[PDB]
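Notes for the one structure printed next.
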Amino acid sequence: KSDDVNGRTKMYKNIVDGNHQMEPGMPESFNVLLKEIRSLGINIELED
Amino acid sequence: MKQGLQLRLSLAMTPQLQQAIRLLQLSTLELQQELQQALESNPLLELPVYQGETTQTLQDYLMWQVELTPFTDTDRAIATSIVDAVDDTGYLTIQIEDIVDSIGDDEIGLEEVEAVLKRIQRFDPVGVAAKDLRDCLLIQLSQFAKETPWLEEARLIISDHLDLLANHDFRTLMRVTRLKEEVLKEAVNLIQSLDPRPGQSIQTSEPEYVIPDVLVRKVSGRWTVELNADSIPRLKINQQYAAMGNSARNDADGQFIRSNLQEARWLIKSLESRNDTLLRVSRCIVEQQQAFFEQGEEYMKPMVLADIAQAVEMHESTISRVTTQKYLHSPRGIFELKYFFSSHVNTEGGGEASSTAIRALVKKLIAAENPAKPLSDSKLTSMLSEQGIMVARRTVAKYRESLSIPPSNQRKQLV
Amino acid sequence: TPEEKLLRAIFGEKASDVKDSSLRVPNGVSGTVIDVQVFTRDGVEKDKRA
Amino acid sequence: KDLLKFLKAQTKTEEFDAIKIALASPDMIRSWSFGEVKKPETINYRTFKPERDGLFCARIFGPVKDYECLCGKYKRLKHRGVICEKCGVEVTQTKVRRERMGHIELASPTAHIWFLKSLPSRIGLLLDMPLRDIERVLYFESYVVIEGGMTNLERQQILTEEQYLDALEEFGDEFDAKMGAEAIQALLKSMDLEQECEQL
Amino acid sequence: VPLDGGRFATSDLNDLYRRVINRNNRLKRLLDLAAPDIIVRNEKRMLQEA
DNA sequence: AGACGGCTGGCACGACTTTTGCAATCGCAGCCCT
DNA sequence: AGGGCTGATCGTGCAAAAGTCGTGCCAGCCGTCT
């Protein structure tokens, strides 16, 4: 229901195909948060 | 008169400063960039929140249709490649062979690409990717109901009689297609309502910007003009810097401050003089172009650069410099400064006419003509000579080319 | 633009010169027009049915 | 490019666990950015096109709305990663414009306001200096001394304009001092950590 | 975010970058011209406050 | 079915436009060469 | 002890070659009527 660009189309496809299955992805708002924090002299990144 | 020498009292080589000042007044928005560049060097001169809403953009609809439609992974890639080759009008920009080459797959064949293109053509609600006006017309006819008047005749005409329609060779089309006389006009009219360039409906964008520079309008019975206050740049001498330089303890620093102040003062004076000269030139131009300003383009006086130069004390070179990328807004609209100047055409009654006004009158006459019988260029020349053209229709032909007027044969069409 | 020139020779009077910017009622609004008015600045006298 | 894995490559995300945080470094900032902005111009009203070397400019921040390059040539999906010569622009999706940050060099040094301004003075607690001194020296009106052990002067003490001039007058070119953020930067780089930690 | 259509008029994000960019450009250009210490220090303080 | 005609487009020529490329001569005097 | 001579400061055009159009003028051709 959110900013996840790759999720809305996939869920519309699954619903019109009658799959009722979920694929999470990762919200774009968190990417905006990361980009905004990195604008300040503060390093933030995602580990594995 | 009487020969003599200097018996009572009464010029200049402008250097790089005044030379660049003359090189200024070429533009306004660009002048701001140069002014900022100089001011950088000169140190003594000084939610509900509106965010973009996504739109279909005439391509997201195609992508959504591709996603919803069932297609193979290779078919999906080919569909994406086809969607890449799209146009605002709606025709495929790149060739099918170009798409096959861009695919870079030995398997990618012309047959599969054609099948994908055919599926995509019916995919979107608007018929698109036809890559041919004939193809788009065929798609529209196929979408149209079978029970249509002269539908088969219209389809046959669209098939291979496109050239006959292009030249408006109705007699040739009737002779070749063996179509019914004055009845094929119904099929032609039906073909006319086929929505050419269907994709362009999804495309919508406008400039909504004129960036006016001058404002002249009629008031109290006379035209009054003024420079746009917002558009005119302004420079201010840094008072703190001037005070520091005046009381600078270091002699070298004071000398540098003095040199910078002199340069800044010269630049400011040059900018102010350029603005004032432009205002005066615009006022003088309006004084003589009031007829075109009020009555319209038809009442445009044939004017030359020397004509404007005579009314002012500046030279024709200054006129050309002023008449460089300058747009003035008035009640009539936004027009370029150079658009005022026009050619002089000899005319009956001794007067001379502006070639722009002559072309406007020619266009007005041509538009107001019987569609069955289009006016000949010689006929139009005679009609304008009835108003005193004194033209040989070659200049009329050039003006028609400027207005993209079609041929008399081409202009004529079935009533 | 040979394609556009051909289209204009075929259809014409559009030539893709203008885009549709017509004023259309937003969705979910049904009604009857009571009256329209038009205001034109001085200097323009189009006044087709003003 | 086979064009069958390139589209599959865009839609991918990592496990992305154990998010960390740390102070940034100038090298990391340079690595993040692709180009440098130099002009305050954002958009031109003459052509409605991205400016050159500025905000919203091409050759930085990525391409424009389409795969079409700004110059006009190399406008098709047939080109996937090539960069044109008349215009340096990667032919990609437009969404990448939201993932490319820029950089400005800022030759003059500058302190970070988030530090030395919260309740604990990071600069103050690093240098054992009062806040008043740090903001007074941050604005070119305190002229703190940097170093100099030969002179009878403390390493970190406030020396006003008159004081600085007279100190340089009698002590000569020995009592080195600065008045800007570079003073703080030098005082902070030219100090050990383990030795002061052991002393404390 | 164009309001009038003619002018976009960015605010709260770009005027600040504009200020910093022009001020840094003026300082960098001026620093290479052996400017007096007073003016360059004042320009540096302007840059820092920006 | 070969010629009339109007169009169109190439060709040319004086007459309006315009752009760039110049950057003159002038009175101080102390220092360096002879 | 006397000459050379050195750099400060200065300045809204124009003109000259080039270009470039307005206008007319010629050559062909195809739609057509003969």
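Chains as they are written, first to last, in full-length UniProt numbering: chain A, 1294 to 1341; chain B, 1 to 10, 13 to 48, 109 to 477; chain C, 896 to 945; chain D, 2 to 201; chain E, 253 to 302.
For every residue, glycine included, the Cβ atom is placed at its ideal position computed from N, Cα and C.
- Contacts with chain D at 8 Å (Cβ-Cβ) do not include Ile-291 of chain E.
- The beta carbon of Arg-270 of chain E sits no closer than 8 Å to any beta carbon of chain B.
- Residues of the segment 83–106 of chain D with a Cβ closer than 9 Å to any Cβ of chain A, in chain order: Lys-96, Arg-99, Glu-100 and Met-102.
- Taking 8 Å as the cut-off, the beta carbon of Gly-63 of chain D is found closer than this to the beta carbon of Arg-101 of chain D.
- Here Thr-30 of chain B has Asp-275 and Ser-293 as same chain residues with Cβ atoms under 7 Å from its own Cβ, once five neighbours each way along the sequence are excluded.
- Looking from the CA of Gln-387 of chain B, the closest CA among B:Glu-176, B:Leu-26 and B:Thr-117 belongs to B:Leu-26.
- With respect to the 8 Å criterion, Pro-364 of chain B and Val-407 of chain B are classified as neighbours on the basis of their beta carbons.
- Between the alpha carbons of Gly-450 of chain B and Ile-428 of chain B lies a distance of about 17 Å.
- Of the residues D:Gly-173, D:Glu-106, D:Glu-148 and D:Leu-126, the one whose Cα lies closest to the Cα of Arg-31 of chain D is D:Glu-106.
- Going by DSSP, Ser-438 of chain B is part of no alpha helix (DSSP H) at all; its letter is neither H nor E.
- Annotation: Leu-323 of chain B to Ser-332 of chain B spans about 14 Å, alpha carbon to alpha carbon.
- Between the segment 127–138 of chain B and the segment 168–188 of chain B there are three or more inter-stretch CB-CB distances shorter than 8 Å, so the stretches are counted as touching.
- For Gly-413 of chain B, same chain residues with a beta-carbon under 7 Å away, outside a window of 5 residues either side, do not exist.
- In chain order, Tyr-144, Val-145, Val-146, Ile-147, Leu-160 and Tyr-165 place their CB closer than 7 Å to the CB of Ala-178 of chain D, counting only its own chain and leaving out the 5 sequence neighbours on each side.
- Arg-137 of chain D: member of the alpha helix (DSSP H) spanning 132–138, first to last residue.
- Inter-residue distance for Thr-134 of chain B and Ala-10 of chain D is about 17 Å (C-alpha atoms, whole angstroms).
- Burial check for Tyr-303 of chain B: the Cβ neighbour count within 10 Å reaches 16 or more, so the residue is buried.
- Counted as a single uninterrupted DSSP element, the stretch harbouring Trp-115 of chain D is not any beta strand (DSSP E), since DSSP gives it neither H nor E.
- Our two residues, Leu-194 of chain D and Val-292 of chain E, have alpha carbons roughly 34 Å apart in a direct line.
- Around the Cβ of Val-238 of chain B, a 10 Å sphere holds fewer than 16 other Cβ atoms; the residue is exposed.
- Within chain C, the residues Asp-915 have their CB atoms less than 8 Å from the CB of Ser-263 of chain B, given in chain order.
- Your pair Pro-258 of chain B and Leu-195 of chain B checks out as a contact, with CB atoms roughly 7 Å apart and the cut at 8 Å.
- Per DSSP, the unbroken beta strand (DSSP E) holding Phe-397 of chain B starts and ends at 396–398.
- Just so you know, the alpha carbons of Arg-137 of chain D and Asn-153 of chain D end up roughly 23 Å apart.
- Residues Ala-147, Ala-191 and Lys-193 of the same chain have their beta carbon placed closer than 6 Å to that of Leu-154 of chain B, with the five preceding and five following residues left out of the count.
- Look at the segment 264–277 of chain B: the residues with a C-beta under 8 Å from a C-beta of chain C are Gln-265, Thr-266, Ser-267 and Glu-268.
- By the neighbour-count definition (other C-beta atoms within 10 Å, threshold 16), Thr-380 of chain B is a buried residue.
- Contact between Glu-268 of chain B and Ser-916 of chain C holds: CB atoms are separated by about 7 Å, below the 8 Å threshold.
- In the structure shown, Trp-285 of chain B adopts extended strand secondary structure according to DSSP, grouped into three states.
- Burial check for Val-175 of chain B: the Cβ neighbour count within 10 Å reaches 16 or more, so the residue is buried.
- Residues of the segment 59–85 of chain D whose Cβ lies closer than 8 Å to any Cβ of chain B, in chain order: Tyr-68, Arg-77, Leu-78 and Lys-79.
- Contact note: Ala-287 of chain E reaches chain B through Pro-45, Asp-315 and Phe-318, using a C-beta cutoff of 9 Å and chain order.
- Looking at the backbone, the Cα of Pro-110 of chain D and that of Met-180 of chain D are separated by about 12 Å.
- For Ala-415 of chain B, the enclosing beta strand (DSSP E) has its first and last residue at 414–416.
- Of the candidates B:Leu-246, B:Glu-288 and B:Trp-212, B:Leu-246 places its Cα closest to the Cα of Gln-475 of chain B.
- Secondary structure of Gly-258 of chain E (DSSP, three-state): coil.
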